[PDB]
Amino acid sequence: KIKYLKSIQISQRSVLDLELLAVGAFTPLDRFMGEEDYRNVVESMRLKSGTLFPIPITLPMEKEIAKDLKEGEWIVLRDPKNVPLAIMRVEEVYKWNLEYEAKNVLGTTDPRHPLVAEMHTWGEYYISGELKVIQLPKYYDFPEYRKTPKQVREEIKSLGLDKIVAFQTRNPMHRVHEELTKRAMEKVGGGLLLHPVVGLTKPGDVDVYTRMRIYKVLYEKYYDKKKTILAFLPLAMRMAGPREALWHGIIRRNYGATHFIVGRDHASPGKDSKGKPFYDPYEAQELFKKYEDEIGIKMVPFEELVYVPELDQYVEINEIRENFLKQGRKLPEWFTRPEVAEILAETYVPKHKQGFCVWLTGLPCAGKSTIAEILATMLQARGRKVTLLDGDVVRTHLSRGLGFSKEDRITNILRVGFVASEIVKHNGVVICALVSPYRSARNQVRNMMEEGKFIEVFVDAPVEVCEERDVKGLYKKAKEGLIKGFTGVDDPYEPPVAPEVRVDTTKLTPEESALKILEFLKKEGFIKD
Amino acid sequence: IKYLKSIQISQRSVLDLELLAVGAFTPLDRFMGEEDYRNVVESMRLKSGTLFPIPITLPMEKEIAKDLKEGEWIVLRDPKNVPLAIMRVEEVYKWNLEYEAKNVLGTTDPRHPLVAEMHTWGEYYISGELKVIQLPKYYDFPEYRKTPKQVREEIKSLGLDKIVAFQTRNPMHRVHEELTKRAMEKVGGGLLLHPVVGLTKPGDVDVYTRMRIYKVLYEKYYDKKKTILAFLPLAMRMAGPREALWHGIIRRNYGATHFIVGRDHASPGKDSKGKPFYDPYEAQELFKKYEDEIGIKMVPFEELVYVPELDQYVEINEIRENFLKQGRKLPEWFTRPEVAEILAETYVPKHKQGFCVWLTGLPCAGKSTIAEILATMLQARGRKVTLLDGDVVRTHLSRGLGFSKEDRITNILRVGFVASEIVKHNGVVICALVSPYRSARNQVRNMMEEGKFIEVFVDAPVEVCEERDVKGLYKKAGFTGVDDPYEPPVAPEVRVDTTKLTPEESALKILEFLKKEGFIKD
Ligand SMILES: Nc1ncnc2c1ncn2[C@@H]1O[C@H](COP(=O)(O)OP(=O)(O)O)[C@@H](O)[C@H]1O
Ligand SMILES: Nc1ncnc2c1ncn2[C@@H]1O[C@H](COP(=O)(O)OP(=O)(O)O)[C@@H](O)[C@H]1O
Ligand SMILES: Nc1ncnc2c1ncn2[C@@H]1O[C@H](COP(=O)(O)OP(=O)(O)O)[C@@H](O)[C@H]1O
Ligand SMILES: Nc1ncnc2c1ncn2[C@@H]1O[C@H](COP(=O)(O)OP(=O)(O)O)[C@@H](O)[C@H]1O
């Protein structure tokens, strides 16, 4: 009977924290932290009780909603799509300090830290109270592998395993990670819990679907199923290095792990705005060993493993993939399993198989359509499917119902841009040939596509070239548009301030202009020919 | 030319005009007058007696033809309004489709691609003196687009006194390469590979893929001292035997001394009753009766079959398109590796092919919920998805459109247009609109290749909004199911009753169908 209750929509981070609270992943915790537990966790990595818990888990609340919360009231925690997940009694509402929390938990207040930057968007108050679960978030990707602590413990049981090593990861797994985990099994003498994070990791990680597919194919094809469990963890990482390493240990223990792998640079976001590493490479191993007994999970530590061609094996240092994922290509068998490399190659296609939008902007009769047509032909002759969005196509399929106000014309540009950006998403080539006079509208379209995939072409011509180029009477009226045709005046054309290609049409034939766009496309690697 | 009337001609007529202008149809130099036309139709001859087996005429819609003045000069412009020639209006006459189709083609069956196109031709033919302004200009492989003069010059530069020509409208596999190189050895001269890049047959491999195939195959496998590659901008008629003779005339005008005529030469296949339009060797027999008069020797081949136990093609002694649209990889005994990879570039495996899931049904039926779930399932399987749901469509696509029947149709056609372009690039697009009008959804289907539009009927009762609506429009009320009626699909690919299936189960059922067709290999 939640319909009478006040509702709040919570962040994607809070949905994940709520989910893990509800399934017992954070045991002993069963609710968001109140003020006393919070402040002791921040200062000492301990709940008020004295139980170790290194990472604060709180529910932020904007001060405009906090102001009207009432002690003892039940509220509905709803997800970003408004689905009700839990009700919460509001027992505590308290102010937190960003820099104190960041400094103590993360070791830094540098906003280059992904979590520091995020904390600036968090509501100014934290709230706490008893939770009643309505439902868990529902997933439609790989629900077979999304297992609760209870399901994983019951699976360890079924396989007859007494010892289990857990592997944390937020990254695709290569053959170094495969060796890492398998050495760890043999060493501890138990099975293995592959436990990748699918909730929130670090901005700019490989997308979750690609990663999940990687973990799935690698588990099913390369691991012994009597000794190995795969399970997806809906964790919202803090990227808090050593403190998060400890946290991982507690979580994996609640899933039934007796052992936990910690390698080099565990749970670290890298380096700060000074270039200084956020954590020492083995600071996490260090803290973990100090607490491993109290937590009740044994650390299986690794020094940085390296590949030795002479041995064709991965050894400890005592004895990256930046040319491949970019415009480059498939990783070799000794670095990555073929099935994983193939999945990566589907996601990260070479630059000459990537989509891009050639946007041709300029004055009426500048020659946009002619150049577009020619370039489309040249591109198709090179094996590329092309969508050509010129005046006629756009006015037929996209423009109907729009007027000729500035707004309607910006709408039209943005419409063409949305369509072009969806085609680029699917690795298609789009050529757009519109006057598109408004610079901001065009900038907006650039912002719809991945960086480098918007080729803005400035088709430069003199003012009122139409007649010179034998476009007169009603044909010129058609080119100029309604306002200009009837009044003799229009909004000024706003040229691309820094286009990819500039084409001076008084100097180049439309074929030469088209060839110029082509040479840019080869230069960037969009065409190998 | 600014004082003259202008008319836009068809793509077919642009190509006929190009070939008239470069002398490919010599002795013809204009579109046919009524006397020439009738004697060509009836007896494969110009009024003068000169052999010409295929009519070349210029169709004009009845309303324009009526306003033409005897003896006047007009400008002939292409579909993009570029002026190619002026023509004097010396004749304007009606033609008869049944007359022309039955005599020239042997049939009036609309299954014949030309018969079907002829029903779109203007009802009058025009003829008179031509003065060329400019030839069509191309920007694909201009180096291989060669006039009769140029091919005849290149023949001399190679010092070849005999040249066998090869007609094709298809990719060349090893069978064709062996067919051409054997023809060449029989004749003892050179080879002119003369593929058609103008108009062929609907459903043919697109011209760009084909040209790239001819170019790589010629560049890496043919002896340059005896092989010429030239692209022919012919608008084929698919007229079998009669077209064979025509090809002979044309290739002779390019300098060919010999012409390959294989099985079923220039045939479009079978009619509506599943019968071949022409007999397999009728073209070879007709050609043999006129070859001396034409002045080009036929090099006939019996049908070449591949015999695995020899690794050789033999003429029977002592199809493929159905696996291109499936993205199957061709074996090295059948195709050269470079051709196989060009075809694989354009014809991707089925599980990588683009498709459109179009969820139609009443408001609150659950189209958006189902589409969102399906999107996730598809993304998890490694397909990027464009989701054209209500909110995406309303923000980006349908602003400025209202709720009138016209605007609702316009909106269905617009989302359909967008989906079709995504599909063209092998993307997955899920659309979730009421889209109540059946004719409009059918128009959207026709924007895509057969098998690529998955129409899903999300079947819920009319009053399902009672328990499901949150926005409040059903309570407040052009509403579909209440004011303006919904037209359900006659044969959707998938149907989901939503009073029985959960949104997850509905999406799972769509997944199942996509797996069955092979669009999703999990
Ligand atoms: N080359 C390596 N040598 C040793 N340990 C490694 C190596 N690469 C990764 N690891 C360890 O394996 C796990 C994989 O973690 P990863 O997904 O890269 O980031 P995170 O530590 O943030 O989960 C971590 O415990 C890490 O310390
Ligand atoms: N650089 C140029 N020099 C001479 N004529 C040109 C040039 N560019 C275009 N034209 C001609 O001007 C006319 C208008 O060109 P078009 O491509 O339609 O311009 P837009 O699409 O910018 O309105 C066409 O007939 C075209 O052939
Ligand atoms: N297996 C085969 N055996 C003999 N001749 C063939 C075979 N396949 C194609 N041909 C011949 O090769 C030429 C090109 O065939 P095709 O590409 O269908 O073009 P068209 O439709 O113009 O005949 C034609 O002369 C045809 O008869
Ligand atoms: N069995 C069901 N099938 C589809 N939708 C359902 C079902 N049961 C409840 N609903 C709800 O109906 C509401 C409206 O659904 P929506 O997907 O927006 O419909 P549409 O997009 O067809 O207008 C949603 O909140 C959805 O969860």
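Under the PDB entry, chain B has the name Bifunctional SAT/APS kinase and belongs to Aquifex aeolicus. The title given to this PDB entry is "Crystal Structure of the Bi-functional ATP Sulfurylase-APS Kinase from Aquifex aeolicus, a Chemolithotrophic Thermophile".

As recorded by the PDB entry, chain A carries the name Bifunctional SAT/APS kinase and is attributed to Aquifex aeolicus.

> Is there a simple way to think about the overall build of chain B in this case?
Counting secondary structure elements, chain B contains 19 helices and 19 strands. Overall, the C-alpha framework of chain B stretches about 85 × 70 × 40 Å when taken along its three principal axes.

> I keep staring at the domain arrangement of chain B and nothing clicks. Help me out?
Often, the extent of an interface is quoted as the loss of accessible area upon association of its parts. All names here are of chain B. Once the domains are mapped, chain B shows domain 1 (1-136), domain 2 (137-347) and domain 3 (348-522). Taken over C-alpha atoms, the centre of domain 1 sits 27 Å from the centre of domain 2. Taken together, the contact between domain 1 and domain 2 spans 34 residues of the former and 34 residues of the latter. Buried area between domain 1 and domain 2, both sides added, is near 2800 Å², and the carbon and sulfur share of it is 62%. Sorting the residues of domain 1 by area buried against domain 2 places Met 44, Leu 51 and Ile 54 first, and these three jointly supply 19% of that buried surface. Run the count over domain 1 and domain 2 and you get two salt bridges. Among the ionic pairs, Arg 237 bridges to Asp 16, the shortest N-O distance being 2.9 Å.

> What is the right way to read the interface of chain B and chain A from this model?
Counting from both sides, the interface comprises 42 residues of chain B and, opposite them, 42 residues of chain A. Taken together, both faces of the contact between chain B and chain A bury some 3600 Å²; the carbon and sulfur share is 57%. Ranking the residues of chain B by area buried against chain A places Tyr 139, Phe 417 and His 425 of chain B at the top, with a combined share of 19%. A salt bridge links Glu 372 of chain B to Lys 81 of chain A; the shortest N-O distance between them is 3.0 Å. The interface formed by chain B and chain A contains 17 residue pairs in polar contact. Broken down by secondary-structure element, the contributors of at least two residues to the side of chain B that touches chain A are α8 (207-221), α12 (337-346), α13 (367-380), β16 (385-388), α14 (390-396) and α15 (405-424) of chain B. The biggest single contributor to the side of chain B that touches chain A is α15 of chain B, with seven residues.

> It is not clear to me how the environment of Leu 115 of chain A should be interpreted in this structure. Could you clarify?
Residues and elements named next belong to chain A. In this structure, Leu 115 sits in helix α5 (residues 114-119). Owing to a relative accessible area of 3%, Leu 115 belongs among the buried residues under this scheme. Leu 115 sits 118 residues away from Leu 233 along the chain, and the two C-alpha atoms are 19 Å apart. Those residues in contact with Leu 115 that lie beyond four places of it in its chain are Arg 13, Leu 106, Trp 122 and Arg 238.

> Would you mind going over the nonpolar core with me for this structure?
Generally speaking, a soluble globular protein has its nonpolar side chains buried in company with each other. Ranked by internal contacts, the top residues of the largest apolar core, which has 77 residues, are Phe 25, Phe 52, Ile 56, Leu 76 and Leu 234 of chain B. Two domains share this core, each providing at least three of its residues, namely domain 1 (1-136) and domain 2 (137-347) of chain B. The contact partners of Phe 52 of chain B, leaving out residues within four places of it in the chain, are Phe 25, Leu 28, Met 32, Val 40, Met 44, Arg 45, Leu 46, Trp 246 and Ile 249 of chain B. Counting residues in hydrophobic clusters, the runner-up holds 76 residues, among them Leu 21, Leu 85, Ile 164 and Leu 235 of chain A.

> When you look at the site of ligand 3 in this model, what are you seeing that I'm missing?
Residue and element names in this part refer to chain B. If you check the shell around ligand 3, you find 15 residues, and the closest are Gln 167, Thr 168, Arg 263, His 265 and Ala 266. The contact in question runs from an oxygen atom of ligand 3 to an N or O atom on the side chain of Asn 170, over 3.1 Å. If ligand 3 stood free it would expose 550 Å²; the protein chains cover 92% of that surface. For the shell around ligand 3, a count of residues per class yields five nonpolar, six polar and four charged.

> Hey, could you run me through the sheet that holds strand β15 (residues 356-361) of chain A in this one?
Strand pairing in a sheet is mediated by backbone hydrogen bonds. Such pairs are either parallel or antiparallel. Residue and element names in this part refer to chain A. Overall, parallel pairing links the five strands, which are arranged β16-β17-β15-β18-β19 in an open sheet. With one partner strand each, in any of the chains shown, β16 (386-390) and β19 (501-504) form the two edges of the open sheet. In this sheet, adjacent strand axes meet at a mean angle of 15° when their direction is disregarded. In the sheet, β15 pairs with strand β18 (residues 454-460) via five bridges, with the strands oriented parallel. Counterpart to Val 358 in the pairing with β18 is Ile 455. Packing of helix α18 (residues 510-524) onto the sheet brings it into contact with β15, β18 and β19, and relative to β19 it is tilted by some 160°.

> What should I look at first to understand the UniProt feature "binding site: ATP" in chain A in this one?
Residues and elements named next belong to chain A. Taking the numbering used here, the UniProt-annotated feature "binding site: ATP" corresponds to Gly 362, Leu 363, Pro 364, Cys 365, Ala 366, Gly 367, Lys 368 and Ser 369. By the secondary structure assignment, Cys 365 is in the loop between β15 and α12 (368-381). Judged by relative accessible area, which is 9%, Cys 365 ranks as buried. Beyond its immediate sequence surroundings of up to four residues, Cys 365 is in contact with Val 465, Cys 466, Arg 469, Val 471 and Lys 479. Among the secondary structure elements, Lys 368 is positioned in helix α12. With relative accessibility at 8%, the residue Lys 368 sits in the buried group.

> I keep staring at the domain arrangement of chain A and nothing clicks. Help me out?
Split by domain assignment, chain A resolves into domain 1 (1-141), domain 2 (142-347) and domain 3 (348-529). In this structure, domain 1 of chain A and domain 3 of chain A have C-alpha centres spaced 48 Å apart.

> Could you clarify how one ought to interpret the UniProt feature "active site" in chain B in this entry?
Residue and element names in this part refer to chain B. Here the UniProt feature "active site" sits at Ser 435. Here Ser 435 is to be found in the loop between β17 (428-432) and α16 (438-445). Beyond its immediate sequence surroundings of up to four residues, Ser 435 is in contact with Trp 358, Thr 360, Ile 412, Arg 441 and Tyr 486.

> Before we go on, may I ask you to explain the UniProt feature "active site" in chain A in this structure?
Residue and element names in this part refer to chain A. Per the UniProt entry, the sites bearing "active site" are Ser 436 in this numbering. Topologically, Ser 436 is positioned in the loop between β17 (429-433) and α15 (439-446). Residue classification places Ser 436 among the buried residues on the basis of a relative accessible area of 3%. Excluding anything up to four places from it in sequence, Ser 436 contacts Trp 359, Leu 360, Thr 361, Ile 413, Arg 442 and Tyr 493.

About the cut-offs
- Residues numbered from 1 in each chain as written, not as in the entry; some residues may be left out.
- Chains lettered and ligands numbered in written order.
- Heavy atoms only, no water.
- Residues with missing side-chain atoms left out of burial classes, pairs and counts.
- Helix = DSSP H or I, 4+ residues; strand = E, 2+ residues; numbered from the N terminus.
- Domains from an automatic or database assignment.
- Contact = heavy atoms within 4.5 Å.
- Buried area = accessible area lost by both parts, 1.4 Å probe.
- Salt bridge = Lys/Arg side-chain N within 4 Å of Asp/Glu carboxyl O.
- Polar contact = N/O pair within 3.5 Å; in protein donor to acceptor, adjacent residues only side chain to side chain.
- Buried < 20%, exposed > 50% of the residue type's maximum accessible area, 1.4 Å probe, protein only.
- Core = buried A, V, L, I, M, F, W, Y, C linked by side-chain atoms within 4.5 Å.
- Near = heavy atom within 4 Å.
- Areas by Shrake-Rupley, 256 points an atom, 1.4 Å probe, with all protein chains shown as cover.
- Nonpolar A, V, L, I, M, F, W, Y, C, P; charged D, E, K, R; others polar.
- Pairing = 2+ DSSP bridges.
- Axes fitted to C-alpha atoms, helices over the stretch in contact; angles between N-to-C directions.
- UniProt positions renumbered as here; feature names shortened; annotations may be inferred.

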